[PDB]
Amino acid sequence: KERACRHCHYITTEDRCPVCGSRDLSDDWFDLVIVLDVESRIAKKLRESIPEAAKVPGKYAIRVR
Amino acid sequence: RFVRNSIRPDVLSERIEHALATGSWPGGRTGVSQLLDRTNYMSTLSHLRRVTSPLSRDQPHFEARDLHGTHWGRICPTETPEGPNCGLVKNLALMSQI
Amino acid sequence: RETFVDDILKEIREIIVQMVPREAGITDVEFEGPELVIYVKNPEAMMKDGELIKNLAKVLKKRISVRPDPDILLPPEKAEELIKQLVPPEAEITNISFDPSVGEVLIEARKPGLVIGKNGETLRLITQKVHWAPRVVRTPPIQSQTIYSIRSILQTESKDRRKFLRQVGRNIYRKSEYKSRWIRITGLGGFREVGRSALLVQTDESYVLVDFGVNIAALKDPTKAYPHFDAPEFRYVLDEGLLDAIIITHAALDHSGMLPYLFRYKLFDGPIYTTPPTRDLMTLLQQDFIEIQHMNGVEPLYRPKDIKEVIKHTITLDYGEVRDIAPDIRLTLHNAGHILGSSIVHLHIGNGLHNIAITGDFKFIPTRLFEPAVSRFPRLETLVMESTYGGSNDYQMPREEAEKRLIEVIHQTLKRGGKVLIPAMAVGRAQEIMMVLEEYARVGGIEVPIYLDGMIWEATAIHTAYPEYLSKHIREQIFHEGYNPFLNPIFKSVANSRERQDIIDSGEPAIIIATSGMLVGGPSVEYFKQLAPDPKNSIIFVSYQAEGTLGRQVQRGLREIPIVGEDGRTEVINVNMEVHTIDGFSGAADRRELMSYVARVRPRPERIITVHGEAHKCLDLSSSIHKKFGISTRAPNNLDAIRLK
Amino acid sequence: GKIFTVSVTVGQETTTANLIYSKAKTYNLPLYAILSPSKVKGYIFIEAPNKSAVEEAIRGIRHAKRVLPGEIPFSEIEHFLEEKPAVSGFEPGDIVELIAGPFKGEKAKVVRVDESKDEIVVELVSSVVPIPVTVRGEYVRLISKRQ
DNA sequence: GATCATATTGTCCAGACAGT
DNA sequence: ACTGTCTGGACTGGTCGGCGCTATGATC
RNA sequence: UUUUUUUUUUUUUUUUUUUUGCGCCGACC
Ligand SMILES: [Zn+2]
Ligand SMILES: [Zn+2]
């Protein structure tokens with residue numbers, strides 16, 4: 001199963017969080033966002049919404065529940 | 001093992017079987033394969049020596065339905081069906097060779 | 001909520017492996033509803049005798065269900081052959097079913113006593129030689145459609161049933177023996193009123209709903225037809241899904257009418273604890289109610305799939321069987337004597353903290369059908385009693401002269417060649433009338449056939465399917481002797497309208513027992529229409545006739561009744577037949593019966609709650625009990641909560 | 001760059017997006033970002049400088065059908081990136097349809113709305129008696145808006 | 001090993017029409 | 001106002017019998 | 001040394017009587 005972090009909204013397959021090292025990950029999330037370039041327009045839009053998102057390219061989630 | 005396990009013979013077998021059973025060849029052709037006539041000894045040989053034309057049966061193909069002079073020794077001049085198949089469904093002559 | 005079912009299961013497994021010898025080979029231990037299931041690889045060592053199983057059940061205080069491991073399972077054909085060879089030929093086995101998922105074989109036999117054994121040793125022998133846990137049910141002498149359908153539904157949905165049972169067992173044993181801080185009783189319906197009964201038992205840990213029913217008299221008004229869904233406690237229980245279980249006292253629309261409505265809107269997902277006769281009769285009654293509502297043109301309350309879901313969520317309990325339905329509540333059922341499968345609900349909350357007995361509809365005098373209600377309990381503190389006949393002047397006539405008058409009226413009618421038409425309920429008084437008629441005809445008094453039309457045949461078949469729930473006389477006749485009173489050749493069933501027309505047109509005398517006491521539907525109306533002009537015939541009323549019904553019009557003495565004909569014109573029915581009324585066959589307890597039950601109950605309850613009756617009747621009964629015995633009595637209204645402890 | 005739409009099989013947008021992302025990572029495709037909202041079914045958004053890059057990225061995948069010949073303005077997909085509760089935007093008194101949950105395919109009337117617990121209380125319109133039920137905000141769909 | 005959404009978008013005659 | 005071009009359509013009735021064809025890929 | 005709220009009775013039972021379509025091929029008149 002794939003779970004998303006509650007802090008940086010990063011989806012990872014292991015317990016450790018490779019972005020902020022948070023131990024609270026949520027198994028329920030929607031609207032998967034894939035970031036390949038940091039300077040992307042949608043990455044910039046997500047940055048002003050969630051400050052911790054789009055710091056490192058990879059999978060991301062819009063909301064955590 | 002990786003290559004062998006990725007091959008499904010069922011698709012090819014079913015495609016060939018369906019085409020040979022229904023008679024509908026790929027490309028829109030129909031009637032390619034028909035059930036063998038087993039009424040008597042003559043019907044089976046006639047069906048095995050049958051030649052058909054791709055032209056439509058409803059259209060009058062006056063130039064194509066009539067017996068041609070080049071059919072001597074290749075197409076039987078008398079054995080033709082009655083109706084829309086007259087002149088379009090032919091039979092091989094006894095001396096004909098392909 | 002937090003649960004400790006895993007720790008309890010681990011402790012139980014440790015106790016088992018401490019007590020059970022190692023050669024048994026215990027593999028898995030789990031909970032299936034209110035009983036414990038143990039899987040072993042060597043059933044021979046586990047159950048060489050019943051003493052080990054009895055000791056395990058006594059120590060664990062659970063119902064032990066030993067099943068073989070699924071890996072060691074005989075082929076179904078070899079298993080069937082071995083079961084047939086082991087069972088004596090006297091027990092006629094009809095159907096044998098197997099469950100591949102869990103070790104269990106269902107055996108349908110005409111004589112389940114021989115299959116079970118004198119002390120259960122035959123079941124152990126079968127499950128040892130065949131490695132299949134046996135479950136024995138009775139094949140009725142008369143085929144029943146409802147029971148066959150229920151068994152087929154249960155067999156075809158084995159996976160869902162097993163999942164539901166496992167979930168129920170996990171929810172029941174979420175924690176060990178817990179002492180409740182307080183016990184609360186609230187009545188969502190049936191308090192100071194008749195119909196739409198609903199009783200909620202609330203503790204600090206578990207919630208229990210008792211006889212969730214519907215009202216038919218006030219069906220036009222939604223505020224009185226259904227129990228109070230606006231109660232804050234009931235809303236909190238339903239919204240959070242905290243309802244542990246639902247128990248139905250007996251199969252009647254005022255006690256089980258609203259049950260499929262909860263499953264229609266997915267408001268409930270737990271188990272239902274009724275006796276098998278109660279389950280079958282309530283399914284039949286709910287189906288009939290849905291069909292009637294559909295035929296009347298109104299919107300049906302629920303759907304047959306909801307009744308199927310009710311069947312799939314029903315756990316069957318026998319009389320005197322103690323089962324754990326909650327972490328702090330223990331439930332047992334005792335005979336009530338009202339109808340077939342009628343049970344008095346006894347709740348044992350805590351480890352001796354409190355005891356509640358909800359009698360519901362019951363009878364305390366011996367009858368031709370069922371034994372009198374059980375008045376002895378291991379412990380009793382609060383008693384909930386019906387007050388249908390709680391008035392001071394309410395005194396039903398005794399049974400013997402009422403049945404003598406019925407017999408003499410029927411004999412007089414048959415002497416002149418007339419026909420006897422007896423409108424009756426689907427269940428209850430009809431079977432008692434058939435038993436009385438069979439007793440009268442067994443000595444050669446009457447030879448005319450007795451015709452049952454409508455649901456009478458189905459109810460009779462359901463009654464035959466469960467002879468152990470009947471009275472001691474019928475039980476002795478069926479078991480000790482080879483004579484079945486219900487299997488008399490005089491009882492005939494009419495299949496279609498052609499048979500009914502032949503019966504009506506026949507000049508030979510006959511007795512017809514229809515299925516509509518008020519002549520408001522069914523074959524009763526047709527029989528009355530086709531037999532009214534004949535002066536030799538007679539009609540006997542054995543139940544109260546409500547105002548506005550045809551039966552009340554005939555009973556009052558109307559010689560002619562205008563009705564709508566088939567062509568749309570008014571038709572006149574000339575009632576030249578004799579009219580008789582014998583209301584001595586009511587299954588409800590009399591006021592004298594209620595007083596005798598209060599006086600003779602053991603132990604004496606601390607308080608008595610009077611429900612299920614009119615407000616003045618309930619108040620009169622409570623005042624009479626308080627003045628005669630000194631016990632504190634209350635007659636609360638709806639939405640009233642009483643803190644018992 | 002520019003937002004482009006890729007038509008994919010309904011209910012399997014996340015897997016197609018993941019395969020496209022993996023292919024772009026492995027083969028160094030000039031793909032900027034990929035957005036696949038859960039509410040949108042059968043369509044995903046890929047940010048690329050030109051549609052040729054999208055066409056080259058989505059080819060070779062059975063589940064990527066075609067790329068829509070057009071460019072989406074950023075204001076159209078701006079609201080998708082913003083995080084808003086599903087309960088928000090609902091007012092009591094209107095009629096909603098429950099897409100998922102135990103009450104699938106049932107119409108209900110909204111009674112109570114609270115954004116703290118992200119839950120909405122509704123009453124079934126087909127029930128003969130009002131029984132309020134608690135359901136998730138994302139499970140319901142607004143049929144009509146009245147009061 | 002069982003289920004669940006989804007599953008792609010033959011020539012000739014007569015009437016209407018751009019072209020000069 | 002003529003003239004070549006594009007497009008739509010209907011393709012004789014009945015009867016006999018036979019011969020196939022009416023899911024699939026991906027989790028849980 | 002101080003303002004602006006109101007008050008009472010009429011609707012009944014625990015429930016009921018029969019393979020469609022698609023296309024192909026052969027053939028008769
Ligand atoms: Zn993180
Ligand atoms: Zn009752």
# chains A, B, ... in the order shown; residues from 1 in each chain; ligands from 1
>>> interface_residues(of="chain G", to="chain B", cutoff="12 Å", atoms="only C-alpha atoms (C1' of nucleotides)", output="PyMOL selection string")
chain G and resi 23-29
>>> write_last_selection(atoms="C-alpha atoms (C1' of nucleotides)", output="PDB file, in the first residue's frame")
ATOM      1  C1'   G G  23     -24.303 -12.248 -41.223  1.00  0.00           C
ATOM      2  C1'   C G  24     -22.882 -16.209 -44.617  1.00  0.00           C
ATOM      3  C1'   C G  25     -23.677 -20.389 -47.833  1.00  0.00           C
ATOM      4  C1'   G G  26     -26.496 -23.831 -50.677  1.00  0.00           C
ATOM      5  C1'   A G  27     -31.186 -24.725 -52.973  1.00  0.00           C
ATOM      6  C1'   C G  28     -36.726 -24.723 -54.919  1.00  0.00           C
ATOM      7  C1'   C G  29     -40.515 -22.265 -57.648  1.00  0.00           C
TER       8        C G  29
END
>>> residues_near_ligand(ligand="ligand 2", cutoff="12 Å", atoms="only C-alpha atoms (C1' of nucleotides) and all ligand atoms", output="number ranges by chain")
C: 189-191, 193-198, 211-216, 248-257, 338-339, 342-343, 358-362, 385-389, 587-589, 611-613; G: 14
>>> residues_around(residues="residue A:19", least_positions_apart="6", cutoff="10 Å", atoms="only C-alpha atoms (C1' of nucleotides)", output="list in words")
residues 5, 7, 8, 9, 10, 12, 52, 53, 55 and 56 of chain A
>>> write_last_selection(atoms="C-alpha atoms", output="CSV table (one decimal), in the first residue's frame")
chain,number,residue,atom,x,y,z
A,5,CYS,CA,2.7,12.2,4.6
A,7,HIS,CA,3.3,17.3,6.6
A,8,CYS,CA,4.8,17.5,3.1
A,9,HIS,CA,2.0,15.5,1.3
A,10,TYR,CA,4.5,13.1,-0.1
A,12,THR,CA,6.2,6.9,0.0
A,52,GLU,CA,6.0,22.0,2.4
A,53,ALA,CA,4.9,20.6,-1.0
A,55,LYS,CA,10.2,20.9,-2.4
A,56,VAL,CA,11.6,17.8,-4.1
>>> residues_around(residues="residue C:445", least_positions_apart="6", cutoff="10 Å", atoms="only C-alpha atoms (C1' of nucleotides)", output="list in words")
residues 407, 411, 437, 438 and 439 of chain C
>>> residues_around(residues="residue C:364", least_positions_apart="3", cutoff="10 Å", atoms="only C-alpha atoms (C1' of nucleotides)", output="VMD selection string")
chain C and resid 336 to 338 367 371 to 375 587 to 590 592 to 594 596 to 597
>>> interface_residues(of="chain B", to="chain E", cutoff="12 Å", atoms="only C-alpha atoms (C1' of nucleotides)", output="ChimeraX atom specification")
/B:55-61
>>> write_last_selection(atoms="C-alpha atoms", output="CSV table (one decimal), in the first residue's frame")
chain,number,residue,atom,x,y,z
B,55,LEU,CA,-18.8,-9.5,-57.6
B,56,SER,CA,-22.2,-8.8,-56.1
B,57,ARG,CA,-24.9,-11.2,-57.0
B,58,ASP,CA,-27.6,-8.6,-57.3
B,59,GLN,CA,-25.8,-6.5,-59.9
B,60,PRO,CA,-26.2,-7.6,-63.6
B,61,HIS,CA,-22.6,-8.3,-64.7
>>> select_by_dssp(residues="stretch 7-141 of chain D", states="helix (DSSP H, G or I)", output="MDAnalysis selection string")
chainID D and resid 13:27 51:58 74:81
>>> write_last_selection(atoms="N, CA and C atoms", output="short mmCIF file (atom, residue, chain, number, x, y, z; two decimals), in the first residue's frame")
data_model
loop_
_atom_site.label_atom_id
_atom_site.label_comp_id
_atom_site.auth_asym_id
_atom_site.auth_seq_id
_atom_site.Cartn_x
_atom_site.Cartn_y
_atom_site.Cartn_z
N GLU D 13 -6.60 6.32 -13.98
CA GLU D 13 -5.81 7.49 -14.33
C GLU D 13 -4.50 7.55 -13.54
N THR D 14 -4.53 7.13 -12.27
CA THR D 14 -3.33 7.19 -11.44
C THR D 14 -2.23 6.28 -11.96
N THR D 15 -2.59 5.06 -12.37
CA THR D 15 -1.59 4.12 -12.88
C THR D 15 -1.00 4.61 -14.20
N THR D 16 -1.84 5.17 -15.08
CA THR D 16 -1.33 5.71 -16.34
C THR D 16 -0.40 6.90 -16.09
N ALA D 17 -0.77 7.77 -15.14
CA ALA D 17 0.10 8.89 -14.79
C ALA D 17 1.43 8.40 -14.22
N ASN D 18 1.40 7.37 -13.38
CA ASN D 18 2.63 6.82 -12.82
C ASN D 18 3.51 6.22 -13.90
N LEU D 19 2.91 5.49 -14.85
CA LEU D 19 3.69 4.93 -15.95
C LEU D 19 4.30 6.02 -16.82
N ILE D 20 3.54 7.08 -17.10
CA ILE D 20 4.07 8.19 -17.88
C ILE D 20 5.23 8.86 -17.15
N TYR D 21 5.08 9.06 -15.84
CA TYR D 21 6.14 9.67 -15.04
C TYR D 21 7.40 8.81 -15.02
N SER D 22 7.23 7.49 -14.87
CA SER D 22 8.38 6.59 -14.88
C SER D 22 9.07 6.57 -16.24
N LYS D 23 8.29 6.57 -17.32
CA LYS D 23 8.87 6.61 -18.66
C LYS D 23 9.63 7.91 -18.89
N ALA D 24 9.07 9.03 -18.43
CA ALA D 24 9.76 10.31 -18.57
C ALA D 24 11.04 10.35 -17.76
N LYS D 25 11.03 9.77 -16.55
CA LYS D 25 12.24 9.71 -15.75
C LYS D 25 13.31 8.84 -16.40
N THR D 26 12.91 7.69 -16.94
CA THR D 26 13.90 6.75 -17.48
C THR D 26 14.46 7.23 -18.81
N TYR D 27 13.61 7.79 -19.67
CA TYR D 27 14.01 8.16 -21.03
C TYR D 27 14.27 9.65 -21.18
N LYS D 51 2.94 20.07 -27.35
CA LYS D 51 2.13 18.85 -27.40
C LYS D 51 2.88 17.68 -28.03
N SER D 52 3.97 17.95 -28.76
CA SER D 52 4.76 16.86 -29.33
C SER D 52 5.41 16.03 -28.23
N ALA D 53 5.88 16.69 -27.17
CA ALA D 53 6.45 15.96 -26.03
C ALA D 53 5.40 15.07 -25.37
N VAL D 54 4.17 15.58 -25.22
CA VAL D 54 3.10 14.77 -24.64
C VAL D 54 2.79 13.58 -25.54
N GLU D 55 2.73 13.80 -26.85
CA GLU D 55 2.44 12.72 -27.78
C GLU D 55 3.53 11.65 -27.74
N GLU D 56 4.79 12.07 -27.65
CA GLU D 56 5.88 11.10 -27.56
C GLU D 56 5.90 10.39 -26.21
N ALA D 57 5.46 11.06 -25.15
CA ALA D 57 5.45 10.43 -23.83
C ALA D 57 4.34 9.40 -23.70
N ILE D 58 3.14 9.72 -24.22
CA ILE D 58 2.00 8.83 -24.02
C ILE D 58 1.95 7.67 -25.00
N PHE D 74 -4.40 28.28 -17.43
CA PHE D 74 -4.07 27.89 -16.06
C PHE D 74 -5.18 28.21 -15.07
N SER D 75 -6.03 29.20 -15.37
CA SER D 75 -7.12 29.54 -14.47
C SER D 75 -8.16 28.43 -14.40
N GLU D 76 -8.27 27.61 -15.45
CA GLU D 76 -9.24 26.53 -15.44
C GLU D 76 -8.85 25.43 -14.46
N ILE D 77 -7.56 25.11 -14.37
CA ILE D 77 -7.08 24.06 -13.48
C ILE D 77 -6.48 24.63 -12.20
N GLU D 78 -6.56 25.95 -12.00
CA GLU D 78 -6.04 26.55 -10.77
C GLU D 78 -6.80 26.07 -9.54
N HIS D 79 -8.13 25.96 -9.65
CA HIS D 79 -8.94 25.54 -8.51
C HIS D 79 -8.71 24.08 -8.13
N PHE D 80 -8.20 23.26 -9.06
CA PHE D 80 -7.93 21.86 -8.74
C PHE D 80 -6.78 21.73 -7.76
N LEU D 81 -5.76 22.59 -7.89
CA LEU D 81 -4.59 22.49 -7.02
C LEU D 81 -4.89 23.00 -5.61
#
>>> atom_distance(atom1="atom CA of residue D:12", atom2="atom CA of residue B:8")
24.7 Å
>>> closest_residue(among="C:569, C:22, C:500, C:492", to="chain G", atoms="only C-alpha atoms (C1' of nucleotides)")
C:500
>>> residues_around(residues="residue C:598", least_positions_apart="6", cutoff="12 Å", atoms="only C-alpha atoms (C1' of nucleotides)", output="ChimeraX atom specification")
/C:359,364,373-376,382-386,589,591-592,604-610,621-622,624-626,628-631,633
>>> residues_around(residues="residue C:90", least_positions_apart="5", cutoff="10 Å", atoms="only C-alpha atoms (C1' of nucleotides)", output="ChimeraX atom specification")
/C:109-111,114-115
>>> write_last_selection(atoms="C-alpha atoms", output="mmCIF file, in the first residue's frame")
data_model
loop_
_atom_site.group_PDB
_atom_site.id
_atom_site.type_symbol
_atom_site.label_atom_id
_atom_site.label_comp_id
_atom_site.auth_asym_id
_atom_site.auth_seq_id
_atom_site.Cartn_x
_atom_site.Cartn_y
_atom_site.Cartn_z
ATOM 1 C CA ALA C 109 -33.739 -36.243 9.133
ATOM 2 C CA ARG C 110 -37.310 -37.072 10.098
ATOM 3 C CA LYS C 111 -36.106 -38.326 13.516
ATOM 4 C CA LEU C 114 -31.586 -40.937 16.578
ATOM 5 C CA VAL C 115 -29.041 -38.892 14.608
#
>>> interface_residues(of="chain D", to="chain A", cutoff="7 Å", atoms="only C-alpha atoms", output="ChimeraX atom specification")
/D:31-38,81-83
>>> write_last_selection(atoms="N, CA and C atoms", output="PDB file, in the first residue's frame")
ATOM      1  N   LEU D  31       9.157  16.537 -19.808  1.00  0.00           N
ATOM      2  CA  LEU D  31       7.863  16.691 -19.157  1.00  0.00           C
ATOM      3  C   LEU D  31       8.039  17.478 -17.867  1.00  0.00           C
ATOM      4  N   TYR D  32       7.226  18.520 -17.695  1.00  0.00           N
ATOM      5  CA  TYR D  32       7.369  19.396 -16.537  1.00  0.00           C
ATOM      6  C   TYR D  32       6.662  18.824 -15.313  1.00  0.00           C
ATOM      7  N   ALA D  33       5.368  18.533 -15.435  1.00  0.00           N
ATOM      8  CA  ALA D  33       4.603  18.005 -14.313  1.00  0.00           C
ATOM      9  C   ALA D  33       3.361  17.300 -14.837  1.00  0.00           C
ATOM     10  N   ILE D  34       2.785  16.453 -13.985  1.00  0.00           N
ATOM     11  CA  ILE D  34       1.582  15.692 -14.303  1.00  0.00           C
ATOM     12  C   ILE D  34       0.587  15.867 -13.164  1.00  0.00           C
ATOM     13  N   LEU D  35      -0.643  16.248 -13.501  1.00  0.00           N
ATOM     14  CA  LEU D  35      -1.713  16.425 -12.527  1.00  0.00           C
ATOM     15  C   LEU D  35      -2.867  15.497 -12.875  1.00  0.00           C
ATOM     16  N   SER D  36      -3.296  14.694 -11.901  1.00  0.00           N
ATOM     17  CA  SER D  36      -4.377  13.725 -12.081  1.00  0.00           C
ATOM     18  C   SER D  36      -5.361  13.852 -10.925  1.00  0.00           C
ATOM     19  N   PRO D  37      -6.315  14.777 -11.018  1.00  0.00           N
ATOM     20  CA  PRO D  37      -7.329  14.897  -9.964  1.00  0.00           C
ATOM     21  C   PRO D  37      -8.213  13.662  -9.891  1.00  0.00           C
ATOM     22  N   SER D  38      -8.649  13.345  -8.671  1.00  0.00           N
ATOM     23  CA  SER D  38      -9.493  12.173  -8.463  1.00  0.00           C
ATOM     24  C   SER D  38     -10.923  12.402  -8.933  1.00  0.00           C
ATOM     25  N   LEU D  81      -5.759  22.585  -7.890  1.00  0.00           N
ATOM     26  CA  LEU D  81      -4.593  22.486  -7.019  1.00  0.00           C
ATOM     27  C   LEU D  81      -4.887  22.997  -5.615  1.00  0.00           C
ATOM     28  N   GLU D  82      -5.834  23.921  -5.475  1.00  0.00           N
ATOM     29  CA  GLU D  82      -6.194  24.427  -4.158  1.00  0.00           C
ATOM     30  C   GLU D  82      -6.896  23.346  -3.345  1.00  0.00           C
ATOM     31  N   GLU D  83      -6.575  23.287  -2.056  1.00  0.00           N
ATOM     32  CA  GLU D  83      -7.140  22.287  -1.160  1.00  0.00           C
ATOM     33  C   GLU D  83      -8.350  22.875  -0.443  1.00  0.00           C
TER      34      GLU D  83
END
